[PDB]
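Visitor: my sequence and its experimental structure, below.
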Amino acid sequence: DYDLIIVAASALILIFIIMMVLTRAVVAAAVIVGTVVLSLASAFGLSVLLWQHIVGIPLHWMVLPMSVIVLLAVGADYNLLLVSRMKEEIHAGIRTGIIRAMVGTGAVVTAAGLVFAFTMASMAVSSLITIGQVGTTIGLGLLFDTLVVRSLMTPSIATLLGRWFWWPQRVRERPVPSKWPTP
Amino acid sequence: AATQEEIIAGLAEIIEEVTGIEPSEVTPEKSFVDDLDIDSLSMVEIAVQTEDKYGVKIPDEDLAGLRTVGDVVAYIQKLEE
Amino acid sequence: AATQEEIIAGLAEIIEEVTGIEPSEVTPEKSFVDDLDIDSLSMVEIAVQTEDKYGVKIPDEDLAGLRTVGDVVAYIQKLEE
Amino acid sequence: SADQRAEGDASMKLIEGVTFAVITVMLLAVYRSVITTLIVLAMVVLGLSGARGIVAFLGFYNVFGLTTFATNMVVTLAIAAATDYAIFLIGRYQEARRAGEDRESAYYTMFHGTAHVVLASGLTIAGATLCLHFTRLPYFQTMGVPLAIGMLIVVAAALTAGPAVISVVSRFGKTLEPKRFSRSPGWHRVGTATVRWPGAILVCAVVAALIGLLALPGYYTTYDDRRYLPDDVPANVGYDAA
Amino acid sequence: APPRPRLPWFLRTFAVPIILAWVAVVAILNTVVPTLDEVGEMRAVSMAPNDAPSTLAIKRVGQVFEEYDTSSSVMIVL
Ligand SMILES: CC(C)(COP(=O)(O)O)[C@@H](O)C(=O)NCCC(=O)NCCS
Ligand SMILES: CC(C)(COP(=O)(O)O)[C@@H](O)C(=O)NCCC(=O)NCCS
């Protein structure tokens, strides 16, 4: 119990510091961390269901911290990749920037996330069932993160916050309107 | 205001980015649903791009009404005037 | 519309209230950053007062662009026209 | 406990084989290119071998202790991270190529756009696992340093040998060129939906995420390790007899 | 000419030496010492810390009764 608390706190603080340093923004780092935490809760629920209710073998007492320490980091990495692309595409307007960033990264990030999830889930063929439980929990977590948090939650929050998503940096919501081109 | 040619050129560039249809294909008598084969989601993407570049806001209810390129050009000119 | 003199008089009164600079100092060729020494927060205060008195809305992004009193007067006249 | 360690050490080869098979299948599905898959597999093998080699070398000279969980996690994490970094680099390079840039400019665009992201991801993974060093149970604590060192080695390999391999191979024929040129209508639709109507989509996503909390009230754990082992281990035979 | 950055240029110009160095180092590391399985087998760590009250209780019983000094036991069934 105490180790799980310590690991969660330290990992969250370190990931927040790294994201704040890289993106040069506070609100973006907070959004990344919060979305990852929510995905973590969903992952725990799915894994508990799949094992305890379906299979019948409850989770081992050491599955939770091992799963958490990896889910946090990998989810944060994927969100960081998307946000980093968004920052490069943002000079054309927040909404168009988000659309271009999603079109650019989506396939790559989906392939990487699926590969990671199916690599983790392949540990279930082990004779030791604790390792299988850890692997399947991390796999379900990354699956849910990739398919929901990055695809829907993060860009929705970025659109809703608007210019506050990049605080304390100063960002135009939309560019200066331009004259129609002459053919 | 802006001439029909300028609006058509800008919309053709945006449509090229969104869908890939070449600008030469976009003529004011083309129907989005049939001639150009553009679904409603692509149309709302075009509206978002237009609002973020030229500052023209097109609500979804109006997007339902618009049928051909000429209709969109007329709508934009009406807003400008 | 409103003549440049009227806009300058109103802005001078508002600037006098916000910062204390006398109206005689405010001339259209003065730079806020250097000549008048007005920081950005004072400028947003001026924008708030202008919006609440004469109904002219100036977003912050535009406030960044504005440099001299003449620029603000031109912006207000453009909005009025 | 002895049988638990024995089974953990026994199943490692099978785990590695299955992971490699699954990775090869998925890479073939994604890239549609055998040569691209072979290049990615070479990168993954280099990274994994470096990680396991450095961990084994440091462990042999009593720098730190080891457990079966630590070794399994090291292997799987190294494989996954190496594959992810290869996918990121090659994806950015192929996007630049498909845009129209030549191979030199495509390589430089790839590096400029993904160098910092790969490093940041690797540092997050390394620093997260290193927080296990501050726990009290030896099983958790002995995972911090090994995992961190392995992740650092994998990241260094991906950031130095990765670009080198990409630079060398792409020159020798049409190797890393995009096999299937196609845009992303699905991602266009998802982006437009997320931009136009963010409130509804956010509501749906948050509702979906909170569904998992319903499993919390019924959660419980057990400490009997004979439930987590196959029935043919000697300990389970003795337990059945007793 | 575009000012190419130093780092990617260095990686591109000396790619073959870098690849060879990496392969050589990895092979040396995997050859000098045994496999990870044997090292993990011979470097296993005790599950319970010495601060654990149960371990201290068992060792205390062992030393007070002057019988043993460990904390782990097995049962033989006939
Ligand atoms: C999205 C769209 C414009 C697409 O129209 P189409 O069916 O003509 O392509 C139309 O379905 C619509 O107005 N829907 C109402 C709001 C909506 O669909 N939001 C997205 C659901 S999360
Ligand atoms: C407030 C200000 C206009 C001041 O600008 P200055 O640095 O030019 O004085 C600028 O910092 C800004 O737009 N900040 C973004 C929003 C903000 O600062 N809100 C207050 C923080 S609680």
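Guide: Noted; the coordinates are in hand. Residues are numbered from 1 along each chain as shown, chains lettered A, B, ... in the order given. Ligands and ions are numbered 1, 2, ... in the order given.

Visitor: what about residue A:53, how many residues close to it?
Guide: Using other CB atoms under 10 Å in any protein chain shown, the number of residues around residue A:53 comes to 11. (Each C-beta comes from the backbone N, C-alpha and C, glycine too.)

Visitor: for it, give me its contacts.
Guide: The contact partners of residue A:53, by CB atoms under 8 Å, 6 or more residues apart in numbering or on different chains, come to residue D:215.

Visitor: now do the SS call for it.
Guide: Per DSSP: H, G, I helix; E, B strand; the rest coil, the secondary structure class of residue A:53 is helix.

Visitor: what's the answer for the one 4 residues further on, then?
Guide: Under three-state DSSP, the three-state class of residue A:57 is coil.

Visitor: so it makes contact with residue D:227?
Guide: Yes: between residue A:57 and residue D:227 there is a contact under CB atoms under 8 Å: 6.3 Å.

Visitor: show me the common contact partners of those two, please.
Guide: With CB under 8 Å, 6+ apart as the test, residue A:57 and residue D:227 both reach residue A:129.

Visitor: who are the packing partners of the helix or strand hosting residue A:32?
Guide: Counting by DSSP states H and E, the element that carries residue A:32 is helix A:26-48. Counting by 3 or more CB pairs under 8 Å, 6 or more residues apart in numbering or on different chains; DSSP states H and E, the packing neighbours recorded for helix A:26-48 are helix A:2-23, helix A:63-89, helix A:129-144, helix A:154-161, helix D:198-210.

Visitor: helix, strand, or coil at residue A:174?
Guide: Strictly by three-state DSSP, residue A:174 counts as coil.

Visitor: which ones are touching it?
Guide: Here residue A:174 is in contact with A:93, A:94, A:95, B:51, B:52, B:55 (CB under 8 Å, 6+ apart).

Visitor: save the helices and strands packed on helix A:26-48 as JSON lines, and put in distance to chain E and mean neighbour count too.
Guide: Shown next, in JSON lines, are these (distance: least, CB to the nearest CB, whole Å; neighbours: other CB atoms under 10 Å in any protein chain shown):
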{"stretch": "helix A:2-23", "distance to chain E": "11", "mean neighbour count": "18"}
{"stretch": "helix A:63-89", "distance to chain E": "15", "mean neighbour count": "24"}
{"stretch": "helix A:129-144", "distance to chain E": "13", "mean neighbour count": "26"}
{"stretch": "helix A:154-161", "distance to chain E": "29", "mean neighbour count": "22"}
{"stretch": "helix D:198-210", "distance to chain E": "35", "mean neighbour count": "16"}
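
Visitor: closest to chain C out of these?
Guide: helix A:154-161 (15.8 Å; CB to the nearest CB).

Visitor: is chain D within reach of that closest one?
Guide: Yes: against chain D, helix A:154-161 shows contacts by CB under 8 Å from any CB of the partner chain at A:155, A:156, A:157, A:159, A:160.

Visitor: residues in contact with that helix?
Guide: Residues contacting helix A:154-161 (CB under 8 Å, 6+ apart): A:27-28, A:31-32, A:35, A:79, A:82-83, A:86, A:94-95, A:98, A:102, A:165, D:191, D:194-195, D:198-199, D:201-202, D:205.

Visitor: do the same with stretch A:35-48
Guide: A:12, A:15, A:59, A:63-64, A:67-68, A:71-72, A:75-76, A:79, A:133, A:136-138, A:140-141, A:144-145, A:148-149, A:153-154, A:157, D:206, D:208-216, D:218-219.

Visitor: helix, strand or coil: sort out the residue in chain A that ligand 1 sits nearest to for me.
Guide: At 9.2 Å from ligand 1, residue A:152 is the closest residue in chain A, using CB to the nearest ligand atom. Put simply, residue A:152 is helix when judged by three-state DSSP.

Visitor: what sits against the residue nearest to it when sequence neighbours are not counted?
Guide: Excluding its sequence neighbours, the residue lying closest to residue A:152 (CB to CB, 6 or more residues apart in numbering or on different chains) is residue D:205, at 4.4 Å. The contact partners of residue D:205, taken as CB under 8 Å, 6+ apart, are A:148, A:149, A:152, A:153, A:156.

Visitor: ok, back up a step: can I get the residues of helix A:154-161 next to chain D in JSON lines with distance to residue A:180?
Guide: Shown next, in JSON lines, are the residues of helix A:154-161 next to chain D (distance: CB to CB, whole Å):
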{"residue": "A:155", "distance to residue A:180": "29"}
{"residue": "A:156", "distance to residue A:180": "31"}
{"residue": "A:157", "distance to residue A:180": "33"}
{"residue": "A:159", "distance to residue A:180": "26"}
{"residue": "A:160", "distance to residue A:180": "30"}
